[PDB]
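Chemist: Take a look at the following structure, please.
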Protein chains: 2
Amino acid sequence: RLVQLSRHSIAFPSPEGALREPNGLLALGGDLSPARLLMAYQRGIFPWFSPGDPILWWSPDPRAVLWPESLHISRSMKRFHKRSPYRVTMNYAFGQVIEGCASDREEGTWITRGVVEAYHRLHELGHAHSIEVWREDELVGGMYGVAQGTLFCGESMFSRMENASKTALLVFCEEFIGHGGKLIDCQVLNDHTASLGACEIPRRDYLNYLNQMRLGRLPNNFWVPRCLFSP
Amino acid sequence: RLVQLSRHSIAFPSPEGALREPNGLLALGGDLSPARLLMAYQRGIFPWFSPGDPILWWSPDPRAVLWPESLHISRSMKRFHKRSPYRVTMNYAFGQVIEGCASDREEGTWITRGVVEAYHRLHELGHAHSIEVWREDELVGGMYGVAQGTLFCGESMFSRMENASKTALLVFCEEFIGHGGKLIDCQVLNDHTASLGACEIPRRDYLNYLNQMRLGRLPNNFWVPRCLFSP
Ligand SMILES: Nc1ncnc2c1ncn2[C@@H]1O[C@H](CO)[C@@H](OC(=O)[C@@H](N)Cc2ccccc2)[C@H]1O
Ligand SMILES: Nc1ncnc2c1ncn2[C@@H]1O[C@H](CO)[C@@H](OC(=O)[C@@H](N)Cc2ccccc2)[C@H]1O
């Protein structure tokens, strides 16, 4: 029952109508305007499409997700992290992180210049945030996403140095949990997310979770740029 | 006799010693740091000055105020709001609302890059909030201010489409009242504000209200970003 968004309205169809195959494809067209996106993440919808294609909106079923508590950290990583060679900051360099994500010529191929601006825009308005991983003064990895109350919608992550990506995710989760963070939406499950504790749950439930958590809150300063981890 | 603020501390002089004409002129100098700004609102003072001049602080007598309940709404406006073409949201795009007021070419000329950054910190820190009015996908109005308990200090409004500004206030007041909102600071009274039902109580009366409402509280999640009204 695919819907064709217009320049006019900013309203999305109901997730229930999403197609089974491809999984969750709900609507195409529209723009990546703050109001539109912010409206979409609020309803459990998210944009994803390959360069050259029109904007595609999804709300897959089942929905991959990560319980902060359940993050799985190997014994080796913990040893590594006990004596971590990195530093971790919050919203210190959103632009660089989303850039490194597009860099990786794979999962980040969809992150096009326009995609980068739409999200940078959210970060600038206080909704899209990033976790940066440093080695010296160099940014070696990180991750960004869109906060939805006590729920965090992961957008992507990148790594240019062994375990940088896990450090960011690791430390994020700790800060997140210690302050009220309830969930992490991973959208679609994959080997990486799976090897981390991401698990599927019915769309029907993710929407319940979403509706509840989007009205919750963390300390005011929680998303204020700062240092999260440093030896 | 007209105190100069010192960078050393965040202390302000009694408002009762403000000038009688220019009405409210109390002190100049200081800075626009969170600590200071918050202290000003805490004690019934607010900064205002045109580009070029030093920081000027005020606390006029009388003070313009708006009883959330006594908001005057014409019959054509209700007629219009019933079939409203706008969408109202809270703290979705503080940055843009403030820039919108800051560019209303007439009054918002005092809102400089400096002032914007200053209030943006308070928003980032969670004391400043904004009400956006959307027409489809575009921002056509809004309003921002500083939350002082059950009291709310209005800083500015801006409109790009008929009745946008009024919708913002309308929707706000309803919500505001709904959860314990008690008063809306209007700083100085003017034609528009007065047509909306704002009045004037003595500086000392307003100051009392300030103390009572400062401690007064609203639901813990009152300001979290969210839609307040769908067309
Ligand atoms: N098809 C697709 N849709 C969205 N995001 C995608 C896609 N393909 C790759 N990505 C991004 O690349 C990373 C690779 O790890 C993906 O990570 C995820 O599984 C995210 N959907 C959720 C998440 C992001 C950051 C941190 C934790 C979870 C994805 O972001
Ligand atoms: N001197 C002065 N101080 C503040 N704001 C001023 C001033 N002169 C003009 N303005 C702006 O013009 C509008 C006129 O309606 C003012 O709006 C206000 O009522 C604000 N002062 C307070 C307020 C903000 C939002 C919602 C309700 C009240 C102001 O923007």
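Within each chain, counting starts at residue 1; across the structure tokens, chains are named A, B, ... in the order shown, with ligands numbered 1 upward in that order.
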All residues within 6 Å of ligand 2 are required, counting only C-alpha atoms and all ligand atoms; please report them as a CSV table (one decimal) with N, CA, C and O atoms, in the first residue's frame.
Modeler:
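File written: out-v9.csv
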```
chain,number,residue,atom,x,y,z
B,107,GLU,N,12.0,44.2,16.0
B,107,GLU,CA,12.3,44.1,17.4
B,107,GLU,C,13.5,43.2,17.7
B,107,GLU,O,14.4,43.5,18.5
B,143,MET,N,7.9,30.5,19.3
B,143,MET,CA,8.2,31.3,20.5
B,143,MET,C,9.1,30.6,21.5
B,143,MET,O,9.0,29.4,21.6
B,144,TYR,N,10.0,31.4,22.1
B,144,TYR,CA,10.9,30.8,23.1
B,144,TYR,C,10.9,31.6,24.4
B,144,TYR,O,10.4,32.7,24.4
B,154,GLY,N,8.5,34.8,28.7
B,154,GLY,CA,8.5,34.9,27.3
B,154,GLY,C,9.6,35.8,26.8
B,154,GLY,O,9.7,37.0,27.3
B,155,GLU,N,10.4,35.4,25.8
B,155,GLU,CA,11.4,36.2,25.3
B,155,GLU,C,11.0,36.8,24.0
B,155,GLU,O,11.2,38.0,23.8
B,156,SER,N,10.4,36.0,23.1
B,156,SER,CA,10.0,36.5,21.8
B,156,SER,C,9.1,35.6,20.9
B,156,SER,O,9.1,34.4,21.1
B,157,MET,N,8.4,36.2,20.0
B,157,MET,CA,7.6,35.5,19.0
B,157,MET,C,8.0,35.9,17.6
B,157,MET,O,8.6,36.9,17.4
B,186,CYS,N,5.9,38.7,30.4
B,186,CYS,CA,5.9,39.4,29.1
B,186,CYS,C,6.8,40.6,29.1
B,186,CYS,O,6.8,41.4,28.2
B,187,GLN,N,7.6,40.8,30.2
B,187,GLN,CA,8.6,41.8,30.3
B,187,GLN,C,7.9,43.2,30.1
B,187,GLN,O,7.6,43.8,31.1
B,188,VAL,N,7.7,43.6,28.9
B,188,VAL,CA,7.1,44.9,28.7
B,188,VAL,C,5.8,44.7,27.8
B,188,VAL,O,5.8,43.9,26.9
B,192,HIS,N,0.4,44.2,20.4
B,192,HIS,CA,0.1,42.8,20.1
B,192,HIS,C,-0.2,42.0,21.4
B,192,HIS,O,-1.2,41.4,21.6
B,193,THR,N,0.8,42.1,22.3
B,193,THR,CA,0.7,41.4,23.6
B,193,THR,C,-0.5,41.8,24.4
B,193,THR,O,-1.2,40.9,25.0
```
Chemist: Run DSSP on the backbone of this structure and report the residues of chain B it assigns to alpha helix (DSSP H), as number ranges by chain.
Modeler: B: 34-43, 75-82, 94-101, 113-124, 164-178, 191-195, 203-215
Chemist: Using only C-alpha atoms, I'd like every residue of chain A that has an atom within 7 Å of chain B; please write them out as a PyMOL selection string.
Modeler: chain A and resi 8-10+35-36+125+215-217+220-221+224
Chemist: Show me which residues line ligand 1, defined as having an atom within 9 Å of a ligand atom where only C-alpha atoms and all ligand atoms count, and present them as an MDAnalysis selection string.
Modeler: chainID A and resid 46:50 64:66 101:102 106:111 142:145 152:158 165 168:169 184:194 198
Chemist: Ranking B:88, B:207, B:171, B:116 by minimum distance to residue B:151 and counting only C-alpha atoms, which one comes first?
Modeler: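 Among B:88, B:207, B:171, B:116, it is B:207 that comes nearest to residue B:151.
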Chemist: Just asking: which residues within stretch 29-216 of chain B are strand (DSSP E) according to DSSP, as an mmCIF file with C-alpha atoms, in the first residue's frame?
Modeler:
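Writing the result to states37.cif gives the following:
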```cif
data_model
loop_
_atom_site.group_PDB
_atom_site.id
_atom_site.type_symbol
_atom_site.label_atom_id
_atom_site.label_comp_id
_atom_site.auth_asym_id
_atom_site.auth_seq_id
_atom_site.Cartn_x
_atom_site.Cartn_y
_atom_site.Cartn_z
ATOM 1 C CA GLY B 29 28.140 45.039 32.014
ATOM 2 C CA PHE B 46 16.570 40.388 32.038
ATOM 3 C CA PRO B 47 19.205 41.563 29.557
ATOM 4 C CA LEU B 56 22.037 46.151 29.736
ATOM 5 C CA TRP B 57 19.942 44.516 32.438
ATOM 6 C CA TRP B 58 16.353 45.329 33.246
ATOM 7 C CA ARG B 63 5.920 44.411 34.541
ATOM 8 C CA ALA B 64 3.755 43.005 31.731
ATOM 9 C CA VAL B 65 2.256 39.638 32.475
ATOM 10 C CA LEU B 66 -0.113 37.085 30.944
ATOM 11 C CA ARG B 87 1.227 21.722 13.631
ATOM 12 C CA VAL B 88 2.671 22.772 17.015
ATOM 13 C CA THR B 89 5.652 21.100 18.701
ATOM 14 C CA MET B 90 7.799 21.765 21.751
ATOM 15 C CA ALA B 128 15.190 27.753 27.715
ATOM 16 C CA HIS B 129 12.505 26.137 25.577
ATOM 17 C CA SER B 130 10.669 26.790 22.332
ATOM 18 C CA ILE B 131 7.262 26.245 20.713
ATOM 19 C CA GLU B 132 7.358 25.621 16.934
ATOM 20 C CA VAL B 133 4.433 26.145 14.575
ATOM 21 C CA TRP B 134 4.645 24.219 11.294
ATOM 22 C CA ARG B 135 2.767 24.582 8.070
ATOM 23 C CA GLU B 138 7.990 24.567 6.863
ATOM 24 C CA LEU B 139 8.532 26.526 10.022
ATOM 25 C CA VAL B 140 6.072 29.399 9.953
ATOM 26 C CA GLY B 141 6.319 30.706 13.487
ATOM 27 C CA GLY B 142 7.036 30.015 17.125
ATOM 28 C CA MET B 143 8.170 31.340 20.481
ATOM 29 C CA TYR B 144 10.850 30.750 23.084
ATOM 30 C CA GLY B 145 11.579 31.747 26.659
ATOM 31 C CA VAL B 146 13.012 30.814 30.028
ATOM 32 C CA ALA B 147 11.250 28.394 32.357
ATOM 33 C CA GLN B 148 11.152 29.538 35.931
ATOM 34 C CA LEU B 151 6.202 30.688 35.746
ATOM 35 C CA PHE B 152 7.377 31.157 32.157
ATOM 36 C CA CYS B 153 9.337 34.140 30.887
ATOM 37 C CA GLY B 154 8.511 34.894 27.287
ATOM 38 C CA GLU B 155 11.424 36.199 25.300
ATOM 39 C CA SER B 156 9.989 36.522 21.800
ATOM 40 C CA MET B 157 7.574 35.467 19.013
ATOM 41 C CA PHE B 158 7.824 35.517 15.237
ATOM 42 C CA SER B 159 5.333 34.802 12.486
ATOM 43 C CA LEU B 183 1.988 32.817 34.751
ATOM 44 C CA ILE B 184 3.718 34.066 31.646
ATOM 45 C CA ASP B 185 6.251 36.873 31.924
ATOM 46 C CA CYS B 186 5.853 39.434 29.129
ATOM 47 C CA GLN B 187 8.581 41.833 30.286
ATOM 48 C CA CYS B 199 -1.762 43.203 31.586
ATOM 49 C CA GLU B 200 0.487 44.944 34.070
ATOM 50 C CA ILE B 201 0.971 44.274 37.753
#
```
Chemist: Restricting the calculation to only C-alpha atoms, which member of B:59, B:37, B:5, B:205 is positioned closest to residue B:20?
Modeler: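 The shortest atom-to-atom distance to residue B:20 comes from B:59.
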Chemist: Just want the 9 Å neighbourhood of residue A:19, counted on only C-alpha atoms, with same-chain residues fewer than 3 positions away dropped. Output as a PyMOL selection string.
Modeler: chain A and resi 1-2+16+22-26+60
Chemist: Could you check how far atom CA of residue B:15 sits from atom CA of residue B:43, in Å to one decimal?
Modeler: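 Computed distance, atom CA of residue B:15 to atom CA of residue B:43, equals 7.9 Å.
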Chemist: Any idea what the distance is between atom CA of residue A:97 and atom CA of residue A:164?
Modeler: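 According to the coordinates, atom CA of residue A:97 and atom CA of residue A:164 are separated by 12.1 Å.
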Chemist: From the set A:44, A:114, A:52, A:149, which residue has the shortest atom-to-atom contact distance to residue A:99, counting only C-alpha atoms?
Modeler: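 Among the listed residues, A:114 lies closest to residue A:99.
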Chemist: To one decimal in Å, tell me the separation between atom CA of residue A:18 and atom CA of residue A:62.
Modeler: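 Answer for the atom CA of residue A:18 to atom CA of residue A:62 separation: 11.4 Å.
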